[PDB]
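Here is the structure we will look at.
Each chain gets a letter, A, B and so on, in the order its sequence line appears, and its residues count up from 1. Just so you know, these numbers use all the heavy atoms, side chains as well, and skip hydrogens, waters and symmetry mates.
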Amino acid sequence: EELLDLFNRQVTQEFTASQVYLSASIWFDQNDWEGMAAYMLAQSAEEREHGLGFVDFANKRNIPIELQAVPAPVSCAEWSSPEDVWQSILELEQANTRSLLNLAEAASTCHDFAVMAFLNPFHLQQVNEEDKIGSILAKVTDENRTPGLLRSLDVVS
Amino acid sequence: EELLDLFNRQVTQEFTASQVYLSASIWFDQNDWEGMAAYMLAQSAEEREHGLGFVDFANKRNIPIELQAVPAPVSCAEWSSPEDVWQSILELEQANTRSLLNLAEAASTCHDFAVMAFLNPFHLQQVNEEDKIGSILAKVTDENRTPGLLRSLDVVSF
Amino acid sequence: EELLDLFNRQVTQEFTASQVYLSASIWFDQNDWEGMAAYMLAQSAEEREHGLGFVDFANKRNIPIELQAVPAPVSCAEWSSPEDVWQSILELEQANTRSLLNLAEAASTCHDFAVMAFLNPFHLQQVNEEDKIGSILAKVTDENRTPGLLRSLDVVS
Amino acid sequence: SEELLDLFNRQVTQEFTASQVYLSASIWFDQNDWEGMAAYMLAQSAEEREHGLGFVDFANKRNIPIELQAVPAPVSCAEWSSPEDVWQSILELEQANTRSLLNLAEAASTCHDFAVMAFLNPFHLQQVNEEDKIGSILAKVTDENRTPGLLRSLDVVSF
Amino acid sequence: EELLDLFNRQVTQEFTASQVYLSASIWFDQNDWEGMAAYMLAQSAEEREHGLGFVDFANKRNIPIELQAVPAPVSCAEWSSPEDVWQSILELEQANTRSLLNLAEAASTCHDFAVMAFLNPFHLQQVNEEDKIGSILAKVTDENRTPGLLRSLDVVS
Ligand SMILES: [Fe+3]
Ligand SMILES: [Fe+3]
Ligand SMILES: [Fe+3]
Ligand SMILES: [Fe+3]
Ligand SMILES: [Fe+3]
C-alpha cells in the first residue's frame, strides 16, 4: 500500500530534516553565528517532535513503522556563507511540504479520513514555516550586500 | 438523501453505543469488577455526549433529526468473563468508526465541507478509542492467564 | 588524528543509541506495553541530548564534527518479548560505555585534560545507566516467569 | 447646510479609503518580507476605520444622513518598488486626509455649526501628529536606504 | 620542585591576565568603546578571582606561594583599533590555557590527583573562554569592514 509506505517515509523525512537543521547549527556555531545556530537547533528539535508525532499516530492506527537510516546531511560540505545555509533550509522545507502533500494525496485516494485529519495541522504549519524561512532568507540576502551588516542580524534578533 | 440518513443513523449509533457501555457496566458491577464498571459508565456518558454534539450540529445545519429507538442490548446475555465484555466493546468501537467513515464518505460525495470538518475530531478520537480499548483487551487477555491476577487490574488501575 | 575521529564517532553512537531506544518504544507501544514504551521514549530523548552536548563541546574546542548517517535499528526484527528488548538495551548501554572509554583512552594518550574532564560526568552516568537497565532486566526476567505478571507491572509504572 | 451634510458623509468615505490604502501598504510590505512595517500599516488601517466609525456615530446622533459609498480600490501598490515609495504615498494620504478635514471644518464654520467644529478639534490635532510621525519615518527610511541592507535593520529592530 | 614552581607561576599568570584585561578596558574607555570596556573590566575581576582560588587551594595543600610582581601590560602601546585589542586578548587566553595545561602535565607526572581534580573546571572554563573571545573577535573583524558599523556592536550589545 502506497499509503503505508509513504507514511513511513514521512517519519524518515522528519528525522532527515531534524538532522539537516542540526548540520546548519553546527556550520553556524563553527562560524561564530551563535544566533542563527540557536534558531537551527530549536528547529532541529521541533522536526524531531514532528517525526515522533507521526510515529505515535502510526502506532495508534496500526500503521507499521520501520525506522530507516537517517542519512548524513550533505549540504554542509559546500556552504560558504549564511545565505547558502538558509537557501538549503528553504529547499528542505519545500521538500517537507511536498512529501506531506503526497502523503495527503495517497490518503485522499484511499478515503483515509483519519489520516487526512491528522495531517491538517502539519499542512498549515508548513505554510508558516516556508513563509518564515523565506522571509529570513530575504533579510539575509539584503543585509549581506554590506560587509559586516549581517553580523548585526545575528547578534540583535 | 443519503447524507441526511447517515447523519441520523450516526446519532443512533452514539446512543446505542452509550447503552451498550451501560450494559457492560452492569455486568461488571454484578460480578464485582467495580473499577471496570466505572470505566464503562464513564464511556457511556461520553458516547451520549457525542450523540448530543451531533444533534446540536444537525439542529444548527437544518439536518432533520428523527430520534430512533435505542435497542435492548443483547451481548450481555452471553458474557462470562471480562475478556468477553472487552471484546464486545472493541467490536462496538470498530462499528462506531465504520459508521463515521460511512458518513464522511457520503459528505465527501456531496462536497459537504462543513460536515467533513465537523467529523475530523471524531475521526481522530476513534483512532484513540480503538487503540485504548485494544490495549486494555491485550492486558486483560494476558493477565487472565493466571487465576486471580486480573482482579489486580481492577483494584490497582480503574 | 585519532582523538578527533573518536570524538566524531561518539556523536554517532549517541544518536544511534537514541534511534535504538526509539525502536524499543515502538515495539513496546505496538505490543501495548505503554509504560515501558514511555521509558524508552524518554531515554531516546536523553541520549540525543547527550549527543548534542558532545557536538556543543566539539564546536567550542574546534573539533570538526561531520554528522554521519544514523543507522537503521535492526534488533526490533528479532524481539518477541519484553525481555528481548531490555536485553538489547543493556547491550546498547554496554556499547555506549565502551565508546566513551575508547574516547577517554585516546584523550589520555594525547594528554588532553579538557576532553578527559568533559568525559567525567558521562563516565559516572554510564555506571548509573548500566545499573538501572540491569536492574529492570532482572525484574522483567523474574516477573515474566508467571503468565500475565509482567503486564500487571508495566501497568504500575 | 446641504454642503456640510454632504462633506460629512464624504469624510466617512475618506477615512475608509485611507484604511484600505494602509491595508494595501501592509500587504506590499508583507509580500516583500518587511513584517515590521507591515504591522505598523495594519495598525494604522484599523485606526483609520475607527475614525470613520466615529464619524458615523456622531452623524447618527446629530441626524446627519449617512449613505455608505464604494470604498475605492487602492492603486498606488501597482507602482511601489521600495519602502520609500510606500511611505511617500502614505504621507500623501495623510496630507489629503488633513485637507479633507479642514474643508469640512470650513463648511461647519460657514454654517455656524459649533458642534461639528468641536467634534473635529481632536481630529485636527491628531492629523498634526500623524503627518509628523509619517514624515519622520519617511526621513529615516530615505536616509537608511542609502546603504544596501541597512533599512532591513530598521524593520527588524524597530517596528 | 617543578609542580610547586608551576603552581606559583599559575597564580602569577592569573594576575598578569587580570592586568592585561584592565589595560584593555582602559584603551576601550579612552577611545569611547564603553561597552567593550565594561566587558574587559568584568573579565579582569574574574581572572583575579581565579588567581585567588589558586592561592586558596595552595594554602590548603601547603603549596608555598610567594607573590611575584604583576608585570606591566605591554600590548596597549601598539593597539590602534578594537580588532587589535581582541586579538591580544585571544592570545592571552591561549597562553592562560597553555599555562594550565603545563601545570596539569606536572601534576600528572607526580600522580597528584588532588591538583588534577582541582584543575578540571579551569580546563573546561578555558575551552569556553577561548571560544567566546574567538567568536567576539570574528564579529569585530567582520563588522569593522564597514566604517562605523562596529560602533553599533558596542552601543547595542
Ligand atoms: Fe517538520
Ligand atoms: Fe463515540
Ligand atoms: Fe548516552
Ligand atoms: Fe484619519
Ligand atoms: Fe583565568
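The ring-ring contact (aromatic ring centres under 6.0 Å, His included) with A/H50 is formed by just one residue from the set A/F57, A/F118, A/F15, A/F122; it is A/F122.
Residues of residues 67-78 of chain A never come within less than 4.5 angstrom of chain D, heavy atom to heavy atom.
Heavy atoms of D/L151 lying under 4.5 Å from chain A are absent altogether. Using a 4.5 Å cut-off between heavy atoms, A/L153 contacts chain D through its side chain alone, with no backbone atom that close. Interface residue A/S157: only side-chain heavy atoms are found under 4.5 Å from chain D.
Two rings, from D/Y40 and D/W87, have their centers less than 6.0 Å apart.
Salt bridge present: D/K133 and D/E130 bring a charged side-chain N and a carboxylate O closer than 4.0 Å. The residues A/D56 and A/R61 are annotated as not salt-bridged, no charged nitrogen and carboxylate oxygen being separated by less than 4.0 angstrom.
Here D/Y22 pairs with nothing under the ring-ring contact (aromatic ring centres under 6.0 Å, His included) rule; sequence neighbours left out.
At a threshold of 4.5 Å between non-hydrogen side-chain atoms, the residues A/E34 and A/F28 do not count as touching. The shortest distance between side-chain heavy atoms of D/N97 and D/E48 falls below 4.5 Å.
Among A/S135, A/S152, A/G134, the residue making the largest number of heavy-atom pairs under 4.5 Å with chain D is A/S135.
For the pair A/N31 and A/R151, the tightest heavy-atom approach, listed with the atom from each and the gap, is O-NH1, 3.2 Å.
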